[PDB]
Amino acid sequence: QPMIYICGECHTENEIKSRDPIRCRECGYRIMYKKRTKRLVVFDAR
Amino acid sequence: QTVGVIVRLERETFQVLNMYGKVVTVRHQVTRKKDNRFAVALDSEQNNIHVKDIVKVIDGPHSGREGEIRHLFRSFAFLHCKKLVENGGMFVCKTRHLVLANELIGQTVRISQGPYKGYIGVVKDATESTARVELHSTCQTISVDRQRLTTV
Amino acid sequence: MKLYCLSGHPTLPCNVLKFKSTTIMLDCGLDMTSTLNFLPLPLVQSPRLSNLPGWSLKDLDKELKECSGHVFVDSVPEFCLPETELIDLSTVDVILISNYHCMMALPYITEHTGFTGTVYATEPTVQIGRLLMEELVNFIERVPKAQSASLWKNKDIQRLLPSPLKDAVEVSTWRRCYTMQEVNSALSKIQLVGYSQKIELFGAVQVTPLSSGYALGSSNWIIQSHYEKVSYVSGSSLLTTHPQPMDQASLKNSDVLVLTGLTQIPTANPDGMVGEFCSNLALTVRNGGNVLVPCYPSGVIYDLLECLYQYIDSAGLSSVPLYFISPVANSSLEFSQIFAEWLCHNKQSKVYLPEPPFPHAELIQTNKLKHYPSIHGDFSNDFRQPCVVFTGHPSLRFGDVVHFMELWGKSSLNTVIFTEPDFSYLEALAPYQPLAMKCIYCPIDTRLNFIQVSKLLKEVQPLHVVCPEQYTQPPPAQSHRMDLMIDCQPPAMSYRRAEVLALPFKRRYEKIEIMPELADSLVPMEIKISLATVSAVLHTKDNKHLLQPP
Amino acid sequence: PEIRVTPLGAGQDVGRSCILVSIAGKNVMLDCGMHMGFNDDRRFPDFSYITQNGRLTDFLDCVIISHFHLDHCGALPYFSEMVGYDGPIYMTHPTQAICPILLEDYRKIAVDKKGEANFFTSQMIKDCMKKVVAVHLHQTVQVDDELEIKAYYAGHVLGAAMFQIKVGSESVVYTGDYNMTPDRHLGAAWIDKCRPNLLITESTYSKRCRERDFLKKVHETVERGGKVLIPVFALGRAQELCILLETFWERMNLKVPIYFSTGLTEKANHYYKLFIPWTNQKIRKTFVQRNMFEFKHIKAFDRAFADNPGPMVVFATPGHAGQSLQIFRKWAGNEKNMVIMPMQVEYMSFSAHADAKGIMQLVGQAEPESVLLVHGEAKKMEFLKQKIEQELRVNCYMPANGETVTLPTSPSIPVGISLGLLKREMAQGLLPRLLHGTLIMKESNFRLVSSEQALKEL
Ligand SMILES: [Zn+2]
Ligand SMILES: [Zn+2]
Ligand SMILES: [Zn+2]
């Protein structure tokens, strides 16, 4: 349910729901990026 | 939970003879189930019967008739007789009263044993013994024995 | 009629109710706060505790060891019993037991005192207190110290002792821990009962256990003898806890309401303390430290394990192992799983589905929480350095918590988090006192506070109220808050230890049954009401009276 | 001043347990079951006796379900959510777990296969279970202001309960199904000296030797390399067979597997695991060591390990039907084809109910002043009625279905006695001294004081 996006301009942690427009809540920039996943990221060092 | 076979095509309803011997009248919106064409049924002589097999009725309320197998159940068999005029020849008889005439999928795992030990992957496909693990670090998907996998 | 008070502890009472022709003991409470004055029992001979400097009195140096300015007795931790000599315990007929915390010292009454009566308690109180007695006896008898120190329990010497040891009361009545055969003999004479079950005692009084809501199996008692009822309200909870909710309706129209087991440190929100516990645990294990949680194997540990289960996925602490080391740990978890009929409607709706009632069971199958009988067996092979350990006795005098504090107290990254309100936090830390460990005190007492008990007494309206003296006074930590006391329209009845209360609530009108042979022979003469003159022979059998026509 | 009892269900028959009791102006139905073997709409009891197009909530103050057997609980969703009943349905906690899954199984049987037109759906099964109030052992629950019922351990199945229905000084004890001999997973029936006005008991009718012979047969067949295919039809028989097998396999310490099938026996295993306090003394006492229903030898059968070769034990889902006939045909004419009904065929039967001597013992130990017989065969009821009226000298009754039976009772008036007069009567006479006093028969209460207290308070 709670989804976080990162604004492309001001780099703000943005809690928004679904079906509401992609709109930064304090600078109005309309491009946001997903945060890095919380799953296990393991690489061999080759 | 109940299957059936339609005996008559009507404009807004389906006339379906289920395992009752009674014809029901239901609306169009029934669902469809995949028929088990390779199912095995057993008669009173414990002989194997399958689809499109002629069987005789020797017990039940309608003993004496003869039918052909169309669909199968755990303890029931569907019968057809072209000389029988009720409900288009559809009928049902019990099987024993006749005679012949994974959770691992999508889970992140660690290979804890073997040459790929320490590799982290996601199970794409799995069986009782082996599992297809999509390795996070490489582009490979490898077959790993499930005794060498640890869910992380 | 009369009410003897064998214990001065508010949450660990032992009250003997001399009611009509039957003598009822309401709970038996072992005061384990007496153990705080003793030096802790370690699993291995720690260098720090062994060569502590002795304390000298100019009048004993081997008996007393001083650690960081506090003097500790170097004997086995002894337990303050209920006072067993005011009333002869062979004259009491029935012991009613409310909590498993209030079932300790039952081997002391049932064996050493000549008590030949019967004991009533619910299934989970008996089983869980059996587990707690087992781990207490085990903890005392793992590495047996001797009862060497005896001179300090003297009236001439204890006056001269410093304040933590001088203030100890009834020191001559303190006794060593009972053994396991005494536990078995004490628990063999318990008659098991269920909630809202009528128990007739010699045809005179009727006792039922009513659900209290504090712990699973914990029960309040009402004692009815015809047209008079005594309500015993022990430790009860009005919050959304796992056991069955408090039965407030059956306590109504009671002539005297004996209440005990209120909240220690009432100025604490238990939900806020759960939040503080989870936040401090996450902060410690995020820094690479270690969390030690001294707790009982049953009780609040289930609630905080539920909240930690809901918290680890949110905080991302799935890599932090949770260790539960106790000799009765596995039995405690299994007993919590199978006592679903004694839980609230939310928990026992889960077992209608094929599902465990407590969510901590899923932690074993996901291997998040690992439980061990002891440190030595296989915990020493499955130990990861950033971890959380629920272990030991909360008194910090015996159990595996002593070894863990001796191991982890030299580092400031490690923390100890206190959730049990039973023992004084400062006195618990006092024998370990030169420690760099951060100590977090967040007690999660979920019992009745004073606004809750004011609402309960307004709802029930008992004719008389009997409470300990500490509930009438403000707590000495506050000593000014007038809302932290019991206030009723009658100004209660306070008692101290070894005090006898006379209850003037005795009335006339004992009930009788008249057979229809006499009922026809009595003419209902008109008075306006009716009057009739009866001549019958009185038949009494099993304290029940009958009227027979001559 | 009468107790009227009308069994609308069983009477002098087996199955469809439904007994109406009208003690002291309050009407209680004692079971609500269905009659297996009938398909002509006589499965559900005739509720037209109580109300003909009337509200059953007003007529019935309480509905009691003894245990989860379909002849005692199968008609409950119909009776609630089709006829109309939103009152209290009192039931035992393990019964409330097993009853939805056995009702759904018979709903699966009757709606899919064998002729159910007027029946109940799964949604109204859940609706009926939503009205169920669960009770514990020996818990006196107050359904009304003066009517209270109390459950006693019956030991027939898991959570089978004997109910005492007490209102005022008059009490009726109904024992649905019970067994006075303990099983390997259940205890025996127990009742205190209630001395009720009426004991409604079942009347329809060595064990160690039978169990030893069954174990010897199983061991001899599995040590010869063959595989057994013992079927189970009831849940209690299945759990008893599994626990007796598991302790035998653990005692002999042989590792050839034992398997059980179906998605319903697994649910029964889980519910039996979750209800340890409703089991035998051994399971409760040795639970701290290990859960005996967490089987270390009996495992889930993935088509009986895909019917692999070798010696193994397989539990069939029915006692015929599917999931047993395939195994029976696949193993006919084999080395050891031992199939033990309740191609070598053995006969090992385990009694789930009480025999005649158990009923005699229950009547002797509860000690009622009248006995009523249901749930059995008419000849056996006549023989047991003769035994009751001969050996214990207490009235027995023979009601059929729909046949009311009324009983006269003598209530005792509760009167208060002034304590001074009572202590005076304790003083003199203890050394046939008469008690002379005045009965102030006021409104809604009775006091019996001395003449001095009568004149000073006149
Ligand atoms: Zn922005
Ligand atoms: Zn039955
Ligand atoms: Zn039965």
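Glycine also receives a Cβ, built like all others from the backbone with ideal geometry; neighbour counts cover every protein chain displayed. A short reminder: the numbers here are calculations on the coordinates, not readings from a lab.
The table that follows gives values for the structure above.
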| item | result |
| --- | --- |
| Fraction of antiparallel bridges per DSSP, chain D only, in percent to nearest 5 | 45 percent |
| Computed P(r) (all Cα pairs; segment A:3-46; 10 Å bins; percent) | 27, 42, 16, 13, 2 |
| Phi-based couplings in Hz for segment D:169-186 (Karplus 6.51, -1.76, 1.60; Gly and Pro marked x) | 8, 9, 9, 10, 10, 10, 10, x, 9, 7, 9, 7, 9, x, 9, 7, 10, 9 |
| Label-point separation, residue D:55 to residue C:477 (7 Å along Cα→Cβ), nm | 5.5 nm |
| FRET E, pair residue C:57, residue C:424, Förster distance 35 Å, beta-carbon r, rounded to 0.05 | 0.90 |
| Scattering curve values for the protein assembly as shown, log₁₀ I(q)/I(0), Debye with Cα scatterers, q = 0.04, 0.06 Å⁻¹ | -0.30, -0.67 |
| For residue C:11, residues with placed amide H under 5 Å, excluding near neighbours | C:261 |
| Radius of gyration and maximum dimension Dmax of chain C, Cα, Å | 25.8, 92 |
| Segments B:16-29, D:70-83, C:175-188, D:176-189 sorted - mean Cβ within 10 Å per residue, highest first | D:70-83, D:176-189, C:175-188, B:16-29 |
| Virtual paramagnetic centre 7 Å along Cα→Cβ of residue D:144, amide N under 13 Å, in segment D:23-60 | D:23-29, D:58-60 |
| Distant-in-sequence amide H partners of residue C:514 (H built 1.01 Å from N, under 5 Å) | D:413, D:415 |
| Label-point gap, in nm, between residue C:506 and residue D:216 - each point 7 angstrom along Cα→Cβ | 6.9 nm |
| Pairwise FRET efficiency - residue B:10 versus residue D:195, Cβ, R0 = 41 Å, nearest 0.05 | 0.05 |
| Whole-Hz couplings from phi, Karplus 6.51/-1.76/1.60, listed for segment D:434-439; x for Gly and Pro | 6, 10, 9, x, 10, 9 |
| Segment residue D:365-residue D:412, extension gain: residue separation times 0.36 nm, minus the distance between their alpha carbons | 14.6 nm |
| The protein assembly as shown, helix-only ellipticity at 222 nm - DSSP H runs n ≥ 4, -39,500 (n - 2.57), divided by all residues, nearest 500 | -6500 deg cm²/dmol |
| Shielding by other protein chains, C:505-514, mean Cβ within 10 Å | 6 |
| Charge sum, other residues only, whose C-beta stays under 15 Å from residue D:305's C-beta, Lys/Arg counted +1 and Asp/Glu -1 | +2 |
| In sequence order, calculated HN-Hα J values of segment D:449-458 (Karplus, 6.51, -1.76, 1.60; Hz; x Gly/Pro) | 10, 6, 5, 5, 6, 5, 6, 6, 10, 6 |
| Average partner coverage of D:413-422, which counts Cβ from other chains inside 10 Å | 6 |
| Straight-distance crosslink candidates among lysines, where the alpha carbon sits under 21 Å from residue D:207 and sequence neighbours closer than 8 are dropped | D:216, D:217, D:282, D:357 |
| Protection-proxy order for peptides D:164-175, D:368-379, C:85-96, D:207-218, each taking the mean of Cβ atoms within 10 Å per residue, highest first | D:164-175, D:368-379, C:85-96, D:207-218 |
| Length released on extending from residue C:525 to residue C:143, taking residue separation times 0.36 nm less the Cα-Cα span | 129.5 nm |
| Protection proxy ranking of C:462-472, D:277-287 - average other beta-carbon atoms within 10 Å, highest first | C:462-472, D:277-287 |
| Test item: Cα-centred dipole of the protein assembly as shown, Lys/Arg +1 and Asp/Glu -1 on Cβ, debye | 3040 debye |
| Paramagnetic reach from residue B:2 (point 7 Å along Cα→Cβ, amide N under 13 Å) across segment D:85-108 | D:107-108 |
| At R0 = 30 Å, FRET efficiency that the Cβ-Cβ distance of residue D:104 and residue D:48 yields, to 0.05 | 0.65 |
| Residue mean of other protein chain beta carbons inside 10 Å, B:120-130 | 1 |
| Sequence-distant residues sharing a close amide H with residue C:387 (under 5 Å, placed H) | C:291 |
| Counting DSSP beta bridges with both ends in chain C, the antiparallel % (nearest 5) | 50 percent |
| Inter-probe distance in nm under a simple model that places probes 7 Å from Cα toward Cβ, at residue A:20 and residue C:181 | 7.2 nm |
